[PDB]
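See below for the structure under consideration.
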Amino acid sequence: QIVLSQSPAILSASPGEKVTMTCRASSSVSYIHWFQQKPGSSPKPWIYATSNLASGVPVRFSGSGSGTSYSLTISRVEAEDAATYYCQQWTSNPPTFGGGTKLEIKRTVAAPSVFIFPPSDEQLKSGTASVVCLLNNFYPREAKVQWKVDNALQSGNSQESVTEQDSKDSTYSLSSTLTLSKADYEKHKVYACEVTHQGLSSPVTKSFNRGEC
Amino acid sequence: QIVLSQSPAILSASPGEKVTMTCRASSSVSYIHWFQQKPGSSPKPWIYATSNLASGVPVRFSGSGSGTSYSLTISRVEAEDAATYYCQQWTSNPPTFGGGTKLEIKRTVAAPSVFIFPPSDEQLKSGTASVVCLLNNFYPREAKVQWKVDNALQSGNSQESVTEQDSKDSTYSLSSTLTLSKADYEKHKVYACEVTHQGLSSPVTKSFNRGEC
Amino acid sequence: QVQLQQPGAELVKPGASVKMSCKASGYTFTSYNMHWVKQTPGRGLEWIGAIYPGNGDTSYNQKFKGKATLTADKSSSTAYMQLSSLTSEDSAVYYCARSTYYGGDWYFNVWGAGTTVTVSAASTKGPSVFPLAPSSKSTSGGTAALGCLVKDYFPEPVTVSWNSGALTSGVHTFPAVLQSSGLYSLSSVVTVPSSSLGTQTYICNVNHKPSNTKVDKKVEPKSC
Amino acid sequence: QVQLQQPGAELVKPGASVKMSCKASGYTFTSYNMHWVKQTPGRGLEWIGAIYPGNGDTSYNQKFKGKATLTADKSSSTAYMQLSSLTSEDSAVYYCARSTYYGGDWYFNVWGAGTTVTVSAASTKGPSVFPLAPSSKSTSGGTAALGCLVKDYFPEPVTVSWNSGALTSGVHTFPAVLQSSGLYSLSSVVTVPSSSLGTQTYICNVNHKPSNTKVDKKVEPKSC
Amino acid sequence: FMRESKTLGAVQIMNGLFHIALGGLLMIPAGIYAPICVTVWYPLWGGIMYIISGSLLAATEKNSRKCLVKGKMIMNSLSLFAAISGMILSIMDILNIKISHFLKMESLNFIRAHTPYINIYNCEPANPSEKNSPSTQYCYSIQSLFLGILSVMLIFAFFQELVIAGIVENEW
Amino acid sequence: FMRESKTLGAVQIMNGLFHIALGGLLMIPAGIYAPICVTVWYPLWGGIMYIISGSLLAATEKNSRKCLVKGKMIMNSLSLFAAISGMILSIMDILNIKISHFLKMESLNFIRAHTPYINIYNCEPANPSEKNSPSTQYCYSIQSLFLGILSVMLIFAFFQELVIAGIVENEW
Ligand SMILES: CC(C)CCC[C@@H](C)[C@H]1CC[C@H]2[C@@H]3CC=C4C[C@@H](OC(=O)CCC(=O)O)CC[C@]4(C)[C@H]3CC[C@]12C
Ligand SMILES: CC(C)CCC[C@@H](C)[C@H]1CC[C@H]2[C@@H]3CC=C4C[C@@H](OC(=O)CCC(=O)O)CC[C@]4(C)[C@H]3CC[C@]12C
Ligand SMILES: CC(C)CCC[C@@H](C)[C@H]1CC[C@H]2[C@@H]3CC=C4C[C@@H](OC(=O)CCC(=O)O)CC[C@]4(C)[C@H]3CC[C@]12C
Ligand SMILES: CC(C)CCC[C@@H](C)[C@H]1CC[C@H]2[C@@H]3CC=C4C[C@@H](OC(=O)CCC(=O)O)CC[C@]4(C)[C@H]3CC[C@]12C
Ligand SMILES: CC(C)CCC[C@@H](C)[C@H]1CC[C@H]2[C@@H]3CC=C4C[C@@H](OC(=O)CCC(=O)O)CC[C@]4(C)[C@H]3CC[C@]12C
Ligand SMILES: CC(C)CCC[C@@H](C)[C@H]1CC[C@H]2[C@@H]3CC=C4C[C@@H](OC(=O)CCC(=O)O)CC[C@]4(C)[C@H]3CC[C@]12C
Ligand SMILES: CCCCCCCCCCCCCCC
Ligand SMILES: CCCCCCCCCCCCCCC
Ligand SMILES: CCCCCCCCCCCCCCC
Ligand SMILES: CCCCCCCCCCCCCCC
Ligand SMILES: CCCCCCCCCCCCCCC
Ligand SMILES: CCCCCCCCCCCCCCC
Ligand SMILES: CCCCCCCCCCCCCCC
Ligand SMILES: CCCCCCCCCCCCCCC
Ligand SMILES: CCCCCCCCCCCCCCC
Ligand SMILES: CCCCCCCCCCCCCCC
């Protein structure tokens with residue numbers, strides 16, 4: 001068994017700028033293979049034989065390197081390449097895949113916009129309650145959220161999921177959805193969702209009311 | 001170097017009858033390959049991996065065999081398969097091709113028809129002379145010819161070429177063309193071309209004249 | 001034209017046995033190999049073994065030599081992978097990709113869709129989708145966000161569309177997160193102009209294959 | 001769609017040098033190999049060597065290690081084979097066929113047209129074609145034979161058609177035979193009904209590529 | 001056995017040279033994972049010291065004061081130590097190459113450069129279609145011949161260990 | 001050298017032990033074309049007769065009447081013949097494996113069955129794309145290992161020839 005390690009694990013490259021990633025191995029493999037995968041899709045083959053290119057590839061990509069060190073060179077990286085690249089070898093049984101370099105687009109920062117969706121009547125009639133706060137067009141990944149109900153700050157009662165990087169419109173989207181029981185749902189009336197970020201200067205907050213709309 | 005020999009060199013099989021040819025080798029080759037070629041054409045691949053079939057092959061063919069002996073089996077041979085089969089291996093450098101089994105269609109015999117073409121005026125005006133005798137629809141290959149001029153039999157003054165086996169109309173065609181100088185061309189007037197064969201009972205002869213037609 | 005067909009997903013109870021399927025078309029099933037790989041986000045993608053339909057020979061690795069077995073038949077041009085002794089730590093995606101000697105060495109010419117297996121004792125739960133009506137806040141804006149939150153559903157594979165796939169741009173698919181009790185919850189929102197909110201209809205049609213549950217609900221903007 | 005293009009034929013004087021060409025299209029020229037073979041009726045078909053365009057490596061055999069050399073370039077996607085020290089016993093057909101690892105071992109997927117080289121000191125001679133007028137013999141028959149004898153021509157490659165390829169069935173292509181002086185002579189006849197002899201025209205168009213000589217003569221039946 | 005201590009030294013030095021020859025024979029570049037008996041360079045110093053011990057036992061054979069008598073016992077004890085060590089490495093490496101690999105030690109840098117794309121410890125093709133191919137037969141032959149070398153080295157080491165143990169039995 | 005011809009007896013014994021060891025090691029299944037020293041079966045009887053000669057020379061070292069004195073000369077002459085033959089065939093097979101083969105002697109039937117799809121004398125792939133592949137590196141390792149076997153066998157046979165030539169020059 002031959003272990004393959006590639007660094008860095010995650011790198012951010014500005015559009016229209018040369019970027020290079022390296023894939024080293026614990027042994028001198030005869031040839032190396034590079035594959036990329038998209039969310040909800042199979043890893044499409046990208047580079048074979050360490051020097052050639054698979055069908056349907058942009059001309060910008062050009063793989064090279066010899067010996068125990070192999071590198072991937074991009075002439076001009078764009079937002080279309082927002083995926084993870086895998087390093088694969090075929091010298092020794094069994095073949096072992098690499099870790100993965102998650103490409104990131106490094107453009108100018110953007111001020112996030114906050115949107116709050118009050119729960120519908122059918123949600124209450126079902127037996128639960130759920131209010132959704134929307135986060136979009138923000139960079140970097142970190143985005144602190146502090147829900148306030150009845151002038152009280154609550155933390156640790158919600159879960160957040162990070163989606164894939166958007167191509168052109170936005171960069172990242174954080175799902176800051178707050179869940180609670182019906183007793184606490186009827187205990188409070190006014191709900192607020194304030195998100196602070198390095199982009200916007202003054203933190204904007206959207207607040208609604210319960211029993212009116 | 002591994003030598004490959006296959007027998008028989010030439011075999012005749014009746015249409016709609018099972019026929020099998022063998023290809024032995026001086027060494028136990030890992031796999032065997034069978035190719036067929038047509039006149040004025042490249043040898044198209046026929047059988048690979050000793051068990052599979054290439055694209056565009058009839059289902060009748062089925063190759064088998066293991067070890068130092070490999071055989072080709074035909075469920076129903078037809079006139080469409082009138083070609084030569086080659087035996088090829090890939091175990092040892094360099095690969096060596098086989099000899100070749102020339103398939104022949106063994107149907108009922110046919111009586112040959114004789115046609116004689118007198119030379120044209122432009123042939124004489126060029127400075128030479130050539131009379132062509134046509135042989136067709138005869139079997140087997142052997143077809144004796146004995147040109148007679150001025151009630152004299154001449155032999156050894158002509159050359160014959162054997163063409164490929166016809167598919168449906170005929171079986172073999174022999175080019176019995178007689179060549180001679182202008183002096184002997186004008187020396188004699190009547191020319192005859194009689195061909196004897198096992199097919200026809202009474203040898204038919206076609207004779208013409210010089211200076212009239 | 002070469003492609004490999006695989007089932008979407010299925011649920012397997014722990015300690016049971018499941019059989020995979022990978023149908024091949026457009027090429028000689030006997031000649032090419034039938035390599036299988038397994039991808040896990042925690043530990044990356046790793047090899048599991050391969051099978052040759054030509055002779056029935058199989059190859060594995062010492063890590064998972066006895067965990068899985070491979071069996072393929074040339075009559076149906078399909079390869080079957082059977083898993084034994086399922087474990088809660090065996091919830092990943094299994095891919096079916098052929099291998100060819102291209103460019104001087106073995107190379108994965110084509111891959112497969114893959115199966116997202118789920119190992120959990122929880123029973124099947126229907127996809128509960130709820131509307132997210134936008135509110136008439138002070139900030140009017142030129143665009144509005146319409147979402148259809150889906151929570152308390154099983155299993156993970158679920159597809160959320162809009163107007164039967166009419167709207168594609170501006171969508172934000174949020175990956176689901178496992179809950180404490182063993183349930184999934186995700187969200188999906190689309191950005192549309194606020195001027196067309198009162199004219200163009202917006203409906204989300206959630207599709208559930210394991211339970212054959214399809215719901216086409218309508219979300220309408222709310223004026224507060 | 002994969003195919004390899006080769007020149008028809010050319011004449012080489014003994015002791016000279018000739019370069020072969022094999023253009024490849026429809027597939028990656030760099031990835032696949034460029035195997036070459038030589039076929040001779042006297043001693044069968046034998047290997048001559050191969051070249052890999054990817055790295056430029058070449059392989060030969062001890063029989064003809066120094067007789068021929070191989071050189072290929074990836075810019076034009078063409079492979080060049082150069083022959084040295086031509087000999088009168090080197091008049092055969094050279095084929096260009098790629099090799100792929102298909103079915104478990106190396107296999108010639110596609111072949112090439114091939115070049116019929118001729119090694120002779122004789123000068124180029126135009127194709128002399130003569131008519132063969134049928135005679136009104138006693139046996140009328142329902143069919144008649146029309147031929148266009150070609151003799152005293154160089155080199156061997158020559159194509160004889162009828163009505164620009166309109167008539168294909170009933171043709172009998174007779175292979176040429178070498179003469180004592182070093183010249184070729186062949187024949188070609190077609191069987192047509194005698195009833196249409198006086199109505200439908202029959203012309204043979206001999207084509208000669210090395211000399212760019214094309215003759216379209218007309219043959220007419222003779223009533224004796 | 002005290003009758004022919006001169007010939008016993010010749011046998012010991014012959015065994016040492018056979019060990020040296022086998023060790024140099026095992027240095028042929030084959031796989032980045034060299035045998036456990038080579039990466040420690042056991043045949044080199046072991047064989048040289050067998051040469052020294054056998055020569056000492058078959059050089060003087062007289063009542064030398066300090067050069068021969070005093071050093072003979074320590075040389076024999078070191079010989080027993082090296083022989084049992086060689087037996088242990090041989091028994092370990094036979095199972096290392098024939099059953100499974102449990103101590104993975106890389107080969108030398110200067111010898112692994114010639115053949116860096118090859119491995120012999122675990123050669124089972126990932127593509128099952130290559131099972132009946134020369135690529136696996138070559139590795140099978142490599143493994144078989146390496147196992148034969150290991151077996152012959154083991155039997156020579158065991159015989160030498162027996163001989164030197166008998167020598168120590170003679171000289172309390 | 002008439003002083004300790006007994007030690008030379010043990011030399012011949014050890015040389016026979018290693019000769020039969022190398023003969024057994026040569027018949028590892030690798031290619032249908034066995035080495036020229038294998039198909040002739042030289043190492044087996046060579047080592048057996050070396051052991052016989054060493055036993056004859058290192059058994060009694062007394063003045064036996066007919067069983068030893070009469071046979072010693074003929075055994076020594078046969079030993080010289082066998083040793084010069086071994087040297088000749090070894091240095092011939094070295095060129096056979098390193099240069100183009102000029103005798104193609106087939107291997108034994110029972111040993112060629114295991115590996116009938118492989119060859120070792122020549123390996124230059126018809127596909128040049130496999131030049132930097134394990135398929136050729138394995139054959140190169142096989143060739144180097146076999147050449148090492150040939151070299152060690154050749155040098156040991158030459159040393160045995162020198163020793164037995166000394167024995168014969170001692171006994172006119
Ligand atoms: C252990 C003690 C007693 C002896 C030391 C062993 C060395 C004398 C041997 C062991 C392996 C041999 C090496 C095996 C392989 C090669 C490759 C060889 O490469 C070539 O020159 C080949 C050229 C060609 O292929 O034509 C250079 C010599 C070398 C390093 C040999 C040098 C001598 C080495 C190191
Ligand atoms: C007793 C000494 C002094 C002389 C005899 C030594 C060798 C001629 C003998 C001893 C043990 C024999 C070995 C005993 C067992 C085997 C197993 C045999 O099977 C395998 O290891 C794998 C075979 C395969 O891969 O097919 C290979 C030959 C071998 C090493 C034999 C090779 C020849 C050996 C080393
Ligand atoms: C690797 C193992 C399994 C086999 C090794 C075989 C030989 C290399 C060994 C086995 C016993 C050894 C023998 C043990 C005893 C003697 C007696 C010795 O002569 C005597 O001691 C005779 C006493 C006298 O002359 O009175 C000559 C060397 C010899 C044959 C030794 C030579 C080397 C032998 C044959
Ligand atoms: C030359 C004199 C002194 C010793 C005779 C040598 C034999 C003892 C050795 C030489 C090669 C060995 C053979 C090498 C390879 C094999 C393959 C082996 O096949 C198997 O059983 C392998 C089974 C598996 O792979 O699990 C059977 C034993 C055999 C014939 C060995 C039997 C013993 C042989 C003939
Ligand atoms: C003097 C004796 C009693 C002890 C030493 C014997 C071996 C340790 C030495 C003697 C000659 C050496 C050989 C000298 C030359 C070479 C050439 C060398 O290069 C090759 O043959 C090919 C290397 C390659 O393929 O890269 C391989 C090692 C080898 C056989 C050496 C292997 C180790 C050998 C056999
Ligand atoms: C393969 C070739 C190139 C190298 C072989 C090296 C050794 C196996 C040979 C070389 C010289 C041989 C030595 C030649 C002389 C002797 C002397 C002999 O003792 C004596 O004759 C000393 C005389 C006395 O005691 O007075 C002990 C064996 C020995 C070392 C021989 C042991 C084996 C030796 C070292
Ligand atoms: C007392 C003789 C020397 C014993 C120790 C031998 C050491 C050899 C060098 C180290 C071997 C391992 C090298 C790993 C880098
Ligand atoms: C007789 C003692 C030998 C000791 C070991 C010497 C061999 C060289 C050891 C170093 C090899 C170079 C590798 C260094 C990384
Ligand atoms: C002969 C010197 C003692 C050797 C004891 C065995 C050494 C085995 C190799 C070293 C093991 C190292 C394990 C990896 C750290
Ligand atoms: C005298 C040596 C006996 C064997 C020493 C231990 C060897 C390792 C144990 C056997 C293998 C177990 C680990 C397999 C992964
Ligand atoms: C000082 C005398 C003993 C020297 C022992 C040297 C052992 C290693 C010899 C080979 C070294 C590597 C050579 C590579 C060219
Ligand atoms: C006097 C000892 C025997 C010498 C002759 C050995 C013959 C061995 C058998 C023949 C070897 C070649 C076999 C070819 C089939
Ligand atoms: C010590 C004398 C040995 C003579 C050779 C015996 C080996 C067997 C020879 C026949 C092998 C079987 C093959 C017959 C075709
Ligand atoms: C040791 C007995 C004499 C051997 C002489 C050399 C024999 C070489 C092999 C036989 C050659 C046969 C040539 C093919 C017929
Ligand atoms: C003592 C042996 C010297 C060499 C004996 C002749 C070997 C054959 C001649 C060298 C090879 C020539 C033929 C090459 C095809
Ligand atoms: C009569 C005692 C000497 C016998 C020598 C036999 C030599 C050949 C031994 C191996 C024969 C092949 C065994 C295959 C199973």
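Chain labels follow the order of the structure tokens: the first chain is A, the next B, and so on; residue numbering restarts at 1 in every chain, and ligands are counted from 1 in their shown order.
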
Could you list, as a PDB file with N, CA and C atoms, in the first residue's frame, every residue of chain F that has an atom within 9 Å of an atom of chain D, counting only C-alpha atoms?
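Saved to iface_3.pdb:
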```
ATOM      1  N   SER F 100      22.780 -11.976 -27.685  1.00  0.00           N
ATOM      2  CA  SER F 100      21.725 -12.714 -28.371  1.00  0.00           C
ATOM      3  C   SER F 100      21.974 -14.215 -28.284  1.00  0.00           C
ATOM      4  N   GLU F 124      11.994  -7.044 -24.932  1.00  0.00           N
ATOM      5  CA  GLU F 124      11.868  -5.663 -25.388  1.00  0.00           C
ATOM      6  C   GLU F 124      10.460  -5.534 -25.943  1.00  0.00           C
ATOM      7  N   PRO F 125       9.539  -4.900 -25.219  1.00  0.00           N
ATOM      8  CA  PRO F 125       8.125  -4.967 -25.604  1.00  0.00           C
ATOM      9  C   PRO F 125       7.890  -4.424 -27.003  1.00  0.00           C
ATOM     10  N   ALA F 126       7.017  -5.110 -27.745  1.00  0.00           N
ATOM     11  CA  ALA F 126       6.643  -4.633 -29.072  1.00  0.00           C
ATOM     12  C   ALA F 126       5.948  -3.283 -28.992  1.00  0.00           C
ATOM     13  N   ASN F 127       5.337  -2.977 -27.849  1.00  0.00           N
ATOM     14  CA  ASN F 127       4.741  -1.675 -27.611  1.00  0.00           C
ATOM     15  C   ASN F 127       5.741  -0.826 -26.844  1.00  0.00           C
ATOM     16  N   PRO F 128       6.348   0.192 -27.461  1.00  0.00           N
ATOM     17  CA  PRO F 128       7.334   1.013 -26.735  1.00  0.00           C
ATOM     18  C   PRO F 128       6.736   1.822 -25.598  1.00  0.00           C
ATOM     19  N   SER F 129       5.408   1.940 -25.521  1.00  0.00           N
ATOM     20  CA  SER F 129       4.771   2.634 -24.409  1.00  0.00           C
ATOM     21  C   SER F 129       4.955   1.911 -23.081  1.00  0.00           C
ATOM     22  N   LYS F 131       7.915   0.687 -22.082  1.00  0.00           N
ATOM     23  CA  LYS F 131       9.327   0.710 -21.712  1.00  0.00           C
ATOM     24  C   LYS F 131       9.507   1.093 -20.248  1.00  0.00           C
TER      25      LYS F 131
END
```

Neighbouring residues of ligand 10 are defined here as those with any atom at most 7 Å from a ligand atom, counting only C-alpha atoms and all ligand atoms; list them as a PDB file with C-alpha atoms, in the first residue's frame.
```pdb
ATOM      1  CA  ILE E  88      15.932 -15.335  13.667  1.00  0.00           C
ATOM      2  CA  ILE E  91      12.737 -17.315   9.996  1.00  0.00           C
ATOM      3  CA  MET E  92      11.151 -13.858  10.238  1.00  0.00           C
ATOM      4  CA  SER E 100       2.324 -11.194   4.966  1.00  0.00           C
ATOM      5  CA  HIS E 101       4.481  -8.127   5.562  1.00  0.00           C
ATOM      6  CA  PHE E 102       4.655  -6.939   9.178  1.00  0.00           C
TER       7      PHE E 102
END
```

Would you list the residues that come within 10 Å of ligand 1? Count only C-alpha atoms and all ligand atoms and give the answer as an NGL selection string. (:E and (17 or 19-29 or 38 or 41-45 or 47-48 or 110-115)) or (:F and (140-141 or 144-145 or 148))

Given 7 Å and only C-alpha atoms and all ligand atoms, residues near ligand 3 as number ranges by chain: E: 3-4, 7, 11, 155-156, 159; F: 9-10, 13-14, 17, 55, 58-60

Looking only at strand (DSSP E or B) from DSSP on the backbone, list the matching residues of range 3-197 of chain D as a count of residues only. 91

List the spatial neighbours of range 173-180 of chain C as a ChimeraX atom specification - criterion: any atom at most 9 Å away, only C-alpha atoms, same-chain residues fewer than 6 positions off excluded. /A:159-164,173-175 /C:151,156,160,186-190

What do you get for the Cα RMSD if chain F is superposed onto chain E using all Cα atoms in their order? 0.4 Å

If you count only C-alpha atoms, which residues fall within 9 Å of range 221-223 of chain D, apart from same-chain ones fewer than 5 positions away, as a ChimeraX atom specification? /B:213 /D:132-137,146,197-198

With a cut-off of 9 Å, could you pull out the residues of chain B touching chain D and give me the nearest pair of atoms for each, distance in Å to one decimal, using only C-alpha atoms, ordered by chain and ascending number, as JSON lines?
```
{"residue": "B:31", "atom": "CA", "partner": "D:105", "partner_atom": "CA", "distance": 7.6}
{"residue": "B:33", "atom": "CA", "partner": "D:107", "partner_atom": "CA", "distance": 7.9}
{"residue": "B:40", "atom": "CA", "partner": "D:113", "partner_atom": "CA", "distance": 8.9}
{"residue": "B:41", "atom": "CA", "partner": "D:113", "partner_atom": "CA", "distance": 6.7}
{"residue": "B:42", "atom": "CA", "partner": "D:113", "partner_atom": "CA", "distance": 5.9}
{"residue": "B:43", "atom": "CA", "partner": "D:111", "partner_atom": "CA", "distance": 7.3}
{"residue": "B:44", "atom": "CA", "partner": "D:111", "partner_atom": "CA", "distance": 7.1}
{"residue": "B:45", "atom": "CA", "partner": "D:108", "partner_atom": "CA", "distance": 6.9}
{"residue": "B:48", "atom": "CA", "partner": "D:107", "partner_atom": "CA", "distance": 6.8}
{"residue": "B:49", "atom": "CA", "partner": "D:103", "partner_atom": "CA", "distance": 5.8}
{"residue": "B:52", "atom": "CA", "partner": "D:103", "partner_atom": "CA", "distance": 7.8}
{"residue": "B:54", "atom": "CA", "partner": "D:109", "partner_atom": "CA", "distance": 8.9}
{"residue": "B:86", "atom": "CA", "partner": "D:45", "partner_atom": "CA", "distance": 8.9}
{"residue": "B:90", "atom": "CA", "partner": "D:106", "partner_atom": "CA", "distance": 6.9}
{"residue": "B:93", "atom": "CA", "partner": "D:61", "partner_atom": "CA", "distance": 7.9}
{"residue": "B:94", "atom": "CA", "partner": "D:61", "partner_atom": "CA", "distance": 6.5}
{"residue": "B:95", "atom": "CA", "partner": "D:47", "partner_atom": "CA", "distance": 6.6}
{"residue": "B:96", "atom": "CA", "partner": "D:46", "partner_atom": "CA", "distance": 6.1}
{"residue": "B:97", "atom": "CA", "partner": "D:45", "partner_atom": "CA", "distance": 6.0}
{"residue": "B:98", "atom": "CA", "partner": "D:44", "partner_atom": "CA", "distance": 7.4}
{"residue": "B:99", "atom": "CA", "partner": "D:44", "partner_atom": "CA", "distance": 6.1}
{"residue": "B:100", "atom": "CA", "partner": "D:44", "partner_atom": "CA", "distance": 8.0}
{"residue": "B:115", "atom": "CA", "partner": "D:145", "partner_atom": "CA", "distance": 7.9}
{"residue": "B:116", "atom": "CA", "partner": "D:134", "partner_atom": "CA", "distance": 7.6}
{"residue": "B:117", "atom": "CA", "partner": "D:132", "partner_atom": "CA", "distance": 5.7}
{"residue": "B:118", "atom": "CA", "partner": "D:132", "partner_atom": "CA", "distance": 7.0}
{"residue": "B:119", "atom": "CA", "partner": "D:132", "partner_atom": "CA", "distance": 6.7}
{"residue": "B:120", "atom": "CA", "partner": "D:131", "partner_atom": "CA", "distance": 6.6}
{"residue": "B:122", "atom": "CA", "partner": "D:130", "partner_atom": "CA", "distance": 7.5}
{"residue": "B:123", "atom": "CA", "partner": "D:130", "partner_atom": "CA", "distance": 6.7}
{"residue": "B:130", "atom": "CA", "partner": "D:149", "partner_atom": "CA", "distance": 8.9}
{"residue": "B:131", "atom": "CA", "partner": "D:132", "partner_atom": "CA", "distance": 8.6}
{"residue": "B:132", "atom": "CA", "partner": "D:132", "partner_atom": "CA", "distance": 8.0}
{"residue": "B:134", "atom": "CA", "partner": "D:145", "partner_atom": "CA", "distance": 8.7}
{"residue": "B:159", "atom": "CA", "partner": "D:177", "partner_atom": "CA", "distance": 8.0}
{"residue": "B:160", "atom": "CA", "partner": "D:177", "partner_atom": "CA", "distance": 8.1}
{"residue": "B:161", "atom": "CA", "partner": "D:175", "partner_atom": "CA", "distance": 6.5}
{"residue": "B:162", "atom": "CA", "partner": "D:174", "partner_atom": "CA", "distance": 7.1}
{"residue": "B:163", "atom": "CA", "partner": "D:174", "partner_atom": "CA", "distance": 5.4}
{"residue": "B:164", "atom": "CA", "partner": "D:174", "partner_atom": "CA", "distance": 8.2}
{"residue": "B:166", "atom": "CA", "partner": "D:172", "partner_atom": "CA", "distance": 8.4}
{"residue": "B:169", "atom": "CA", "partner": "D:170", "partner_atom": "CA", "distance": 8.0}
{"residue": "B:173", "atom": "CA", "partner": "D:172", "partner_atom": "CA", "distance": 7.7}
{"residue": "B:174", "atom": "CA", "partner": "D:174", "partner_atom": "CA", "distance": 8.3}
{"residue": "B:175", "atom": "CA", "partner": "D:174", "partner_atom": "CA", "distance": 7.0}
{"residue": "B:206", "atom": "CA", "partner": "D:137", "partner_atom": "CA", "distance": 7.4}
{"residue": "B:207", "atom": "CA", "partner": "D:137", "partner_atom": "CA", "distance": 8.2}
{"residue": "B:208", "atom": "CA", "partner": "D:137", "partner_atom": "CA", "distance": 8.1}
{"residue": "B:212", "atom": "CA", "partner": "D:224", "partner_atom": "CA", "distance": 7.6}
{"residue": "B:213", "atom": "CA", "partner": "D:224", "partner_atom": "CA", "distance": 5.3}
```

Can you work out the spacing between CA of residue 70 in chain C and CA of residue 51 in chain B in Å, to one decimal? 22.8 Å

Which residues are near residue 71 in chain A? Cut-off 9 Å, only C-alpha atoms, ignore same chain within fewer than 3 positions. Put them as a list in words.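 Listed by chain and then number, they are residues 20, 21, 22, 23, 24, 63, 64, 65 and 66 of chain A.
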
E:136, E:53, E:1, E:39 ranked by distance to ligand 8, top pick (using only C-alpha atoms and all ligand atoms):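 With only C-alpha atoms and all ligand atoms as the atom set, the closest residue is E:39.
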
Counting only C-alpha atoms and all ligand atoms, what residues are within 9 Å of ligand 9, given as a ChimeraX atom specification? /E:36,39-40,42,82,85-86,88-89,103-105

Store the residues of this selection in a file with C-alpha atoms, as a JSON list (two decimals), in the first residue's frame.
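So the final result, stored in again-v3.json, reads:
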```
[["chain", "number", "residue", "atom", "x", "y", "z"],
["E", 36, "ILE", "CA", 14.79, -7.72, 6.13],
["E", 39, "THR", "CA", 18.52, -3.65, 4.93],
["E", 40, "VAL", "CA", 20.42, -4.48, 8.15],
["E", 42, "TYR", "CA", 23.67, -8.81, 8.15],
["E", 82, "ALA", "CA", 25.43, -13.79, 15.09],
["E", 85, "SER", "CA", 20.52, -13.72, 15.01],
["E", 86, "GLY", "CA", 20.77, -14.85, 11.39],
["E", 88, "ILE", "CA", 15.93, -15.33, 13.67],
["E", 89, "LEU", "CA", 16.09, -12.92, 10.72],
["E", 103, "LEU", "CA", 7.99, -5.05, 9.25],
["E", 104, "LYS", "CA", 8.22, -2.80, 6.18],
["E", 105, "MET", "CA", 11.79, -1.56, 5.66]]
```

Best match for closeness to chain D among C:118, C:20, C:5, C:30, counting only C-alpha atoms: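 Distance minimum relative to chain D lands on C:30.
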
What residues in chain F lie within 6 Å of chain E, counting only C-alpha atoms, written as a short mmCIF file (atom, residue, chain, number, x, y, z; two decimals) with N, CA, C and O atoms, in the first residue's frame?
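Wrote iface_38.cif, looks like this:
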```cif
data_model
loop_
_atom_site.label_atom_id
_atom_site.label_comp_id
_atom_site.auth_asym_id
_atom_site.auth_seq_id
_atom_site.Cartn_x
_atom_site.Cartn_y
_atom_site.Cartn_z
N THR F 7 42.05 -30.46 4.57
CA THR F 7 41.28 -29.22 4.48
C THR F 7 40.76 -29.00 3.07
O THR F 7 39.63 -28.53 2.88
N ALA F 30 10.96 -19.88 -14.59
CA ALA F 30 11.07 -18.55 -15.19
C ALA F 30 11.43 -18.75 -16.66
O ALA F 30 12.59 -19.00 -16.99
N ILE F 118 5.75 -17.09 -20.46
CA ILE F 118 6.76 -16.11 -20.09
C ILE F 118 8.09 -16.48 -20.73
O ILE F 118 8.37 -17.66 -21.00
N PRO F 134 6.40 -1.79 -15.15
CA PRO F 134 6.93 -2.91 -14.35
C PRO F 134 7.13 -4.19 -15.15
O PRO F 134 7.92 -5.04 -14.73
N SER F 135 6.45 -4.34 -16.30
CA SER F 135 6.59 -5.57 -17.08
C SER F 135 8.02 -5.78 -17.55
O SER F 135 8.51 -6.91 -17.57
N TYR F 138 10.57 -6.13 -14.25
CA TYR F 138 10.60 -7.48 -13.71
C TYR F 138 11.56 -8.37 -14.49
O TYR F 138 12.34 -9.13 -13.91
#
```
